[PDB]
Every structure is written in structure tokens, then in C-alpha cells.
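One structure is given here, and the rest of the page talks about it.
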DNA sequence: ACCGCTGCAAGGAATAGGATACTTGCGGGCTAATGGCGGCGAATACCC
Ligand SMILES: Nc1ncnc2c1ncn2[C@@H]1O[C@H](COP(=O)(O)OP(=O)(O)O)[C@@H](O)[C@H]1O
């Protein structure tokens, strides 16, 4: 449904509005069992398990800089967008990196 | 007596008013002519300044200058182009003492501060012979500069002063100069030796201008570094400005780090004003200074970031506004403004009433009614103020229509009580000075309406009873007309949301059940049906978008090219070209007419032209080079050599405009020799065409210029000896060789800017000559060029950088359907630009209006298609913005880069790109090529980039660009020479005249011999020879059966060919000379001595007027639905069979 | 009274508009990576 604002009137008014059944895309249909028939072959999408978006605190357990020093770090992981990381210098700093 | 006294006081203001357009210029001309002292006009903006810069010289005679402003933006990243700086300081050198003269500076400059005068009066020297100055004065000025008295000067920092003669050895040059002061005046400028003390050169004015406005040496560098370490902080970076200048080299915007290069406070240029100077004002300062300062600050904290190149606060690089208005109380000041102040002292309003409505139009029967009714009732003198000389004649016959006589005067004071005069100048607007009843009328005071026309809106006048008078009791299912779209079936009222506004609407169903919901408010667009067919009403489809109608399926190859190209090439290589004759002194007297000196490469290009012209061979020379490098005078010297041998030079260009400049160039250069030079285009009338082209056969016109009109199969040169063709990369192949088809051994010279790949490759493969040119005579600019992504603020700052320079912008979009929308899209992006629209599809009068108003600076930015590619003047345009450089041919990319420039001003060129991975790979190769080469002389290698990315086209066909898997060049040469000796084997008539003697038998039907039937082009060629030379049906059939014998069956193109030849036999047998046919019918044109039965032809006409009409005496238009070409052939066959049965 | 001059009818003439067919270019549609370790140069910044 398309809205057209008439130019003569102030900001937000209706000249006219149209509507029609546009067609877009041919989405596959799952069968009654689980199968998506793609090209005469019979594919199945498997459920993916991935690391949940959110915020996690982690530490490489002293494998870096050899002092016995554990380096805590924080991740903010979006479902869609840019990542965000904080971490620790062995000299007891906080360091932010992006992407 | 004058009209008004002047401000002569420390800080008095003089208010002057009642001022309309262009009156202020002659007012300040009066000011300069009445004040013994300087006049500095402060301008509100560059544009008006530059406009006033040619205004004031129109009205008076004093020397008038701008101050060259830095061209850049505040805190920009660009050098101010040292040459401009060299102009800037130079004026600034003489600014402390300049007695008479007018200087126009803008508030952009006047708010800027300048050098502290220590550097200028120390580290620079301009000195002219007419400077009355003494000996010890210049001696102590050299002492104050710090120089040493050595009486045998050899070292920088030395000068001599013995008796009257003074010598100087500067910081700038390696040479000392002898001065020889006499009578408190300078009387020699003698460039004498470092040791031998004798003069090299006698000079009048010595120009030792510093290479910069700022000190540049070492002590300046550590002073600057001291200042930077005091102010900013230095970071370890090999691009940071501190380290960059510490290496001695310079970045672009370095001058905007001004004050660190002195360690003094900087003067506001008021220090450079003379003793009693008179400042005159225009518009106001009290507005423009504010928003300039606001822009200045806003830009400063816009770039008050970025430790890479930090900036000084603007308080050092500029005055503040209050600081200005304080220093503007230090000078006697004049304020001119465009209204009526009432009454006070130091104030006057002078009668400068704006002109009445004087305008022309073709709509009225007598166009000059306002002028013809104004002039007899204007009691005073009348002045006409034409800009151009030739445009003067555009007024000359124009007022001759109202029978009114212009006299050419020079001075505005030359007015009598009542007399009509023309003034050559640079005004833009007129007025009446009612003090003396004087009237000045500009040319632009005639054409006030730049207006379009409206259309449509038919049913809004249909207020009939079918409108239903907004009954609002309409039933569902009523077929209802809605005047923009058509008829639908009304299906009720419905509420819908619309973006925070709920509403009630009338749902209406069109075809393909597309709903349309008009508001209940605007119910008056909605009308009841009128046809009375409520249950038989149609339905419109909404939108009417029938683009789908661009699908597929067009055929080609209606006419072969390859055989004919091979034919003309063989004919050229068979005969011998003309050995021209050269006269030393006669050519030298023509060289004398050239008021310039040839660059050496240009000379040897000219020499290679003549030393190929005078040979038994045929000339075929590419004279490729960049635009503006002096190509035309090469053709001048070529044509003169050609024309004195009486050889009828023919000139070809691919547009009317280039022909128009060429007519001026040819006529003005050939101003002393008995040669008649003319042009032809569509702009010439037919009655002029019918004598020019006829006279070409007679031939007293020796030089003829034109568009494709020459190649219209009617132009008959009596002795063609020279073809010159300009702006090559057009013209296909057929138009290129269609002229050479007339004369096999004609000499061809082809000028170009960037040659097309085909003619580049054929030239580089030894078939045609090549002569490249470089090294332009004037030091032109390589207008910096960029290829960046599309960015709303990047284009904005580009537009701003151009407009606060003062010139104009070519902004090209190249899509006419949306250029109207793109206009406001740019316009609220830059609200202070002035935008007009121009493209090739307007009504062919508003376009010229737009371009002439552009030519008179009435607006700044022009949105356009590639109409500007035709190469117009107006060098004030200095910035190209190609919005979508994705889809544009690289040769005309170079051509559009040639459009800006044409000036000592540094032009700019931004090539907007889309996102790099979105575009075509070929577009990326094009843009990398154009980003690689930004110089002069780079046009040709850019054409080598045009080739080898597209493939140079087929050597024996059309399609100049393309890979195409062509004929190999070695095989090409073999086929060529085989055609050559087979041609000269027994003097075989050229195929082209077999075209001419053949009756016109065109039928819009594919008639040729296809390549699969005969691969060998010589064999197909000689078969063409044998069929068109065959004069009996017996021999036609023998050739046909021989073809069948040689290659199997006979395909349809061959069959159609052979029966058209059969038709040609009886066409030439009867006298049926011109036969055109098509789908719709066609024209049979007979001879004057024809074999037509006249009474029987009238019988045809009176039995079928629908299929026989004599439109002319022998022109028979027959109208037949010739859907099948076989039926077309048999129709014409049986028709001439009827005519030979009635032949007499 | 009768050419002399003017105002209008016409007729042709010229010119805009809107068709057609020809060239250059070139694209658009369309068929035909943020779950890893190690070496090494770069790039340091770092103390001398
Ligand atoms: N040898 C020369 N010395 C000085 N000026 C020249 C010389 N040759 C050309 N010019 C200048 O350059 C311009 C020549 O351009 P022209 O050959 O007419 O066409 P294009 O602009 O395509 O080169 C002229 O305006 C002329 O003033």
C-alpha cells in the first residue's frame, strides 16, 4: 500500500493511496515430514546451535605473557551489528576493541 | 555640477539610495572620476565583485583591479595556486601607495588578514622606471632590508651606491642590476654582470616576486617550529605537518597555518590602505559578514578535530565582525543601498528609477510595442548598451524595424537632450536617471519572461451534471469516474491509518482489483458516470505502466558493409594521390597572418602534414592531441596549401555549434586571400542550401564546412582535394568513408581529441599516419581530479568551494526523467546556490535562454545531461560534478574534463562513484585509468586505455569498439592487395559509380550476399561487380546458376538480390528512375522522358485513388499493405509488367 | 468625380512539432569475517 503526501499541504497529509497484490519470492514449503524438495532432491535444514547473543566474561587462563597472569575479557555480542570487546593488559589495564 | 558631496572625514558615513540594477557602477565611476584618490569597493560576494569587475570598466577609464583572493575554503586542504599568490602580493606591493585606481575586494578577503609588511618590504622588489625616487632613500631601504654596501656586488644581500648609479644583488636572483638614478627618479634597469659589470638586459619594470607570501627559509622554519611547539603538540608521525615542514617540503593547506610563519600579530590589510582612501559599500556588510563569520566558526569546529593537521583559532586568521566595524570607523565610508532613505545630512537619494516594462514576444503581432510606444514619449536621451559587437547588429536591424538609429559613443556623459545611442560595455540592467532624463537600457531588459507552458487538466473544466455535485449518497457498485485515472467500481468508505493520522477514504476498484482510496475531504475529484452504460462500463488499469514493452527480437544485417569497405580501400590503394605544390613565400605570407609562434612539435606536425600533402601518395594522417593544444591552425596551414592548388577543401564536423566556431575561425584567418568560405547545416535555409550546394559544382566556394549534410548523396564537388574531419570519435565508419567513396585518392586529414580504438589501431598498424601533439602554448592547468563515493556533504563542500570562488558549476546527471527531482534534491542540499535546469529535450528556446542566462551569470549551478559535451565557452564554469560516473564513455570523460579549465584559475573535477563492488569491473578499469592520468599530453595514452579494454573493432566492418574475433590484419592486408591487383588487373570500374548509375530500387528489404554463402570477400566483390554490370536477364540467370554451381543452393538474400537486379533491368529499360518501397507502399518516380501510358495511368488513378496518387508529375505514391515481402516483390513485378504492357 | 491610401482576405510560405531512420557510449534484464597457533616483517614505542 503506497501513501503519497500532497506537496501543497503541510507535512503529513494524503494526496491519494493505492494498493495491489504484489508478488515477491517463491519460498519453499516444508512437507508433512520435514523435507524441503528443492530440485527434485529432498533436502533438510539442520538446526544450528550457535553462541547466544548477549554479554560474556571469559579469561585465557594464563596462556599469555607467561607471568601466571589471567587476563579477563568481556564480550558484547549482538544478534545483528558490530561486536564489542573489553580485555585486560597484563599491566592491569582495560582495553576496548571493536570488530 | 555634480549631484552630491562626498565623505571626507575620519569616520563619516555617506548614505546613498534609490539604486536599481547596474546604476551603482556608473555612480562609482563618477566617484573615481571626481575624487583624486583611490576607490576601494567592498563587495558583498565574489560573484557581484566579478560582475562589478566588468561593470565599472564599462563606465570609466581608470585602471581597475580585484585583489586576488585565495580561492580555497576556510581551513581547506588546497594550496591557493602560487601564481594567484604572485598576483596577490604584487597588488599588495603597490597597495601602500597607489594614488588613483579602483580596487574591488570582497568581505571574504577584507575580513582576512595579510602579511606583516616586514617580509614584503624586505624580501621582495618590484620597481618600474616611472618611479620618482632618490638614491639614499633606496640605499636606506636596502639597509633596512639588511643588505650590505659592497661596491663590486657578487653576493646575495649586497648592493652598491656610487655617485648616481646604484646596484643590487638580491635574495631572489643570482644577478645584480644597475639603477642610475636621475632627477629623483629611476632611469635604468641594467642587468649587469656579477663581476664584468656590463649590462645583459635593459628593463623597464623589474619583477622580483617572492615564491610565497610567507617566509620559507631555515630561520623561518625553526621560528615556525618554535611556534608550533608552543601552541600545538607534536606527535611522532611522518605525515604530521610539524615533521612535514621540518623536512622542508610543504602540504597543500599550509598557508592557513599563516601566523606561525611570522611570530607577529597580523595586519588586517587596513595597514595597506593609502592615506585618504574612499571606501564604497554595496548591498550591506552587516548581513554577509555575520553569516560568513558563522560559516567560518562552524567550519572551524567542524575541523577542530583530527590531530593530523590541527588548526589555529580563527581569531588570528581573521578579524572578528566587531573588529571590522571598529576599523570601519577609521575611514570615510560610502554606503550605497537599494531603497529610499528619508532625509538627513550625509544622505541623498538620487533619481534612479527602474525601467518600465519593456519586453519582446512573438505572441503579439508587432513585437516592439512597448519600446515603440515608449521611445517617442521618453523626452530624454536613450542608450542601448549592447554587450557584444556582433550582437550590436542583432540590435541594428532590430531597432531598424522600429526605424530608430543607434550612434556608437564611448562615454555616458555624451548624452544630448534627446538622442539614441548604442553603448558597447558589460551592463546587465537599465534605469532612468530622472535628474537629466537619461535612460540606459540593457540587452537583458528585453526578454524578461523565461516561462514554460501548462497542459492537461481537461475534466476539471467538465463541471457538468455528471459531477453529481458531491451528493455523498452514492451506492456501492456505482461505476465512477476519477479524472486522473478513469472509471472504477465504488466499493464503500473505509478507515485507514496514514502515519499517525487516521482517516476515512472512498475505496474504489480499478482493473486487476487494485484499490484506490481517495480522501473524503477532496470529494470533488470524483464524478458520477456520464455514458449511461452503468452495467456496461469499462475499467481502467491504474498506473498505466507499460514498460514491459521493451522485450526482444529485432534483426539486423539488412546491408553488408565489409565488401564495400574493401572496395573503397582497394580503390584508394589502386589509384595515386595528388602531388601538391608548395610555395615558400606565398606560404610564408600566410604564416605571417598567424599572430602567434608555433610550438616546435606543432611546427613539425605542420611540416609532416605539408611534406605528405605534396607527395604522389594519399594523405591519411591522425593529428591526435589534447584539446586546446592548437590543432586548428595546423588545418589552416594545410588548407592554405591545398586551396592555392585549387582543390576545393571540404570541412566536416559532427554538430552545428562546432561548425559555427569553425566558420569564424576560417573566415577570420583567411582574411586576405581570394578564397570564399561557407558553411551548411540545418540552420541554413533551403533556399540558401539550394544555391550553396549547386554552386559547389560550379566551385567558387573553395572551403565548405558542415555537419552530415555534406554526406547526403547530392553534394558534388567539382574537384575534391582535401578532406578535413574534426572531433573524430563519432561518424561510425560509413559516414567516415562515404566522402572518400566520391574520390578514391582524396587526401584525408583527421583531427581528434582522443581517437576511437579502431582508428587508433589502424593508424598504429601502419595503415594510416599518426602525428601526436603535446606541450600547450599557454601554461594551462591539470585540473585536479578525484574519484570518490557519493556523499551529501562532499558534494556540498565542492559546491561551496566553487560558489565562494564566484564561478559556476556544471553538475551533470544525464537522465531527463528525474532531473527535475534531482534539482531540488541538490537545491535544499545547498540552499544558497542558484539552480536552473537544462537538457537537450526542451522546446529549443528555453534551452538557449538557460545557456545565455548562464553566460550572463544569472545563476550558479546548472543541472544537465551531456548537452554540455558540445563544448561551449564560459570558462567561469570551473567544476564538473558527474553524479553517476559509472555509465559514461571514457573518451567523453576526458572531453568533460576538458570542459572545465580554460583559465588561469585552478579548475576542479569530482567524479562521483557508486560503491566499488557494486559497479562493473570495466567501470573500475575506466576509473582507475582516469585516476592514474591527470596531466597535459595524457589524452592519447588515455585513448590507449580506451583501446585494449574494449577491443579495437573489426578492421573490415562497422563497430569501432569491440573484440568481435575479426579479420586478422595480415590476412586483411592480403585480401586488400588481392583486391588491388585484381582491380588494376584490367581497369575495373569502381563499384561506387555502379551505385550511382543504378536506379534507386530501395525496398527496405535485406538484399545482399551473406558471408556463409561466400567467405572470400574478393569473390563476393567480383560477383557484385558482375551482377551490377550485367545487362541481360540471360546473364543474370547465368550468374545465378554459376553461383548455384559453386555453392549449392541459393539462399533468400541471394534470390532477393538477383530479382532486384532483374527489376533494375526493366527500371532502366523504361525510365523508372527512383523506386522506393516499404511496408506501407512506396514511391515510383519516372524519368522526364518516361514510358508511362499517361491515359492508362490516369485510369489507374481513377480506378484506385487509395492505391495510386500522383503527388507530383512523375511521383506516384502507391499505398499497399505489403506485409509479405514476397507479395511486395510480386506486386512491383506485376506492376511494371503492366507498365511495359502499356509502354510507349 | 477618380486615383491614392488603407484595412482586410487570402495564399502561400516558413517554421515548430512530432514522427521516422542513422551515429557514439554503456549498463540492466535477461536468456544462455568477528570460536586459533606460529614466524616474521612492520611497526614500533622504549630506554639509552
Ligand atoms: N603556437 C601558438 N602560440 C600561441 N598561442 C597558440 C598557439 N597555438 C595555439 N594557440 C592558442 O590556442 C588556441 C588554439 O585552439 P584551436 O587549435 O583553435 O582548437 P583546440 O582548442 O581544439 O586546439 C587558440 O586560441 C590560440 O590562441
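Chains as they are written, first to last, in our numbering: chain G, 1 to 99; chain U, 100 to 1243. Where a beta carbon is used, it is the ideal one built from N, C-alpha and C, also for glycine.
Quick one: Cα of residue i to Cα of residue j, how far?
| i | j | result |
| --- | --- | --- |
| residue 802(U) | residue 790(U) | 15 Å |
| residue 449(U) | residue 469(U) | 26 Å |
| residue 1018(U) | residue 908(U) | 26 Å |
| residue 87(G) | residue 96(G) | 6 Å |
| residue 721(U) | residue 711(U) | 12 Å |
| residue 902(U) | residue 155(U) | 22 Å |
| residue 292(U) | residue 299(U) | 7 Å |
| residue 630(U) | residue 558(U) | 15 Å |
| residue 427(U) | residue 110(U) | 7 Å |
| residue 1132(U) | residue 740(U) | 51 Å |
| residue 827(U) | residue 804(U) | 15 Å |
| residue 1057(U) | residue 660(U) | 7 Å |
| residue 980(U) | residue 955(U) | 21 Å |
| residue 121(U) | residue 544(U) | 12 Å |
| residue 949(U) | residue 395(U) | 33 Å |
| residue 514(U) | residue 522(U) | 11 Å |
| residue 695(U) | residue 876(U) | 10 Å |
| residue 1024(U) | residue 731(U) | 32 Å |
| residue 91(G) | residue 339(U) | 30 Å |
| residue 774(U) | residue 798(U) | 11 Å |
Under 8 Å, Cβ to Cβ, is there at least one residue of chain G near residue i?
| i | result |
| --- | --- |
| residue 518(U) | no |
| residue 1148(U) | no |
Please list, in chain order, the chain U residues whose beta carbon lies closer than 7 Å to that of residue i.
| i | result |
| --- | --- |
| residue 19(G) | 613, 614 |
| residue 14(G) | 597, 602, 618 |
Kindly indicate if chain U contains any beta-carbon less than 8 Å away from that of residue i.
| i | result |
| --- | --- |
| residue 3(G) | yes |
Can you tell me whether DSSP reads residue i as helix, strand or coil?
| i | result |
| --- | --- |
| residue 463(U) | coil |
| residue 527(U) | coil |
| residue 733(U) | helix |
| residue 347(U) | coil |
| residue 192(U) | helix |
| residue 500(U) | coil |
| residue 1009(U) | strand |
| residue 772(U) | coil |
| residue 1215(U) | strand |
| residue 541(U) | coil |
| residue 907(U) | strand |
| residue 757(U) | helix |
| residue 762(U) | helix |
| residue 59(G) | strand |
List, in order along the chain, the chain G residues whose C-beta lies closer than 9 Å to that of residue i?
| i | result |
| --- | --- |
| residue 641(U) | 18, 20 |
How close, in whole Å, do the beta carbons of residue i and residue j come, if the pair is a contact with beta carbons under 8 Å?
| i | j | result |
| --- | --- | --- |
| residue 1098(U) | residue 1166(U) | 4 Å |
| residue 1190(U) | residue 1242(U) | 4 Å |
Could you tell me if the beta carbon of residue i falls within a distance shorter than 7 Å of some heavy atom in ligand 2?
| i | result |
| --- | --- |
| residue 701(U) | Ligands displayed in this structure: ligand 1; ligand 2 is not among them. |
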